[PDB]
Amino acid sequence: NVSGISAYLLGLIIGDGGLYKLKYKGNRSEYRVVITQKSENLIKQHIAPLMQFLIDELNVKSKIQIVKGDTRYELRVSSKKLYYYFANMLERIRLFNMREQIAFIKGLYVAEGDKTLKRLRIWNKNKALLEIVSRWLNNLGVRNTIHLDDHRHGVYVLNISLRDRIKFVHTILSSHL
């Protein structure tokens, strides 16, 4: 498990990618698991091998696609099976065990946390998602608050109290999944 790696990738996916169920002309379809990032190196050399491992583990026969956009690389797996694997794991997020919580927060922070680490913050439109992470962090002894940060785009922020900086960086960021 693999549960760990999966939770981390789901963090990357929810933060910086998506799960897409497409309908085409006609009546064609497609199911996509997507993580996007700017660094060619981070996608190719740390994110992709983790995904590959998960593909082998689950006998997914779809290939890992890396598609180049002008402002970002997109890692893409076209797979009904991989799609529902993450989609179902998402709808079960409230039931994550601790190994899974830690992996997922770390994934989510790689995706859209404050990376200056001068402050410790996670941004998201999804307040309910932050409220879930907030509770996980409290139970791990990392105090935090949530506010509507950006009124222009509806983006909430989860602010991790710098008082628990050491506990956060060592329990979440430097955790070994």
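Between two forms, the rigid core is defined as the largest C-alpha subset superposing within 1.5 Å. In this text, residue numbers run from 1 along the sequence as written.
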When the rigid core is fixed in 5 other deposited structures of this protein, C-alphas move more for 148-156 or 50-58; answer is 148-156
When the rigid core is fixed in 5 other deposited structures of this protein, C-alphas move more for 132-140 or 111-119; answer is 111-119
Which has the higher mean CA temperature factor in the PDB entry, 93-101 or 76-84? 93-101
Which is higher on average in the deposited entry, the C-alpha temperature factors of 165-173 or of 9-17? 165-173
Highest Cα B-factor in the PDB entry belongs to which of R32, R121, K125, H151? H151
Should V133 be placed in the lowest, middle or highest third of its chain by the C-alpha B factor in the entry? lowest
Ranking the modelled residues of this chain by C-alpha B-factor as given in the entry, is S62 in the lowest, middle or highest third? middle
Can you work out whether the C-alpha temperature factor of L54 puts it in the lowest, middle or highest third of the chain? middle
Give the position of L117 by CA B-factor within its chain, expressed as the lowest, middle or highest third. highest
State the tercile, meaning the lowest, middle or highest third, of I43 with respect to the CA B-factors recorded for its chain. highest
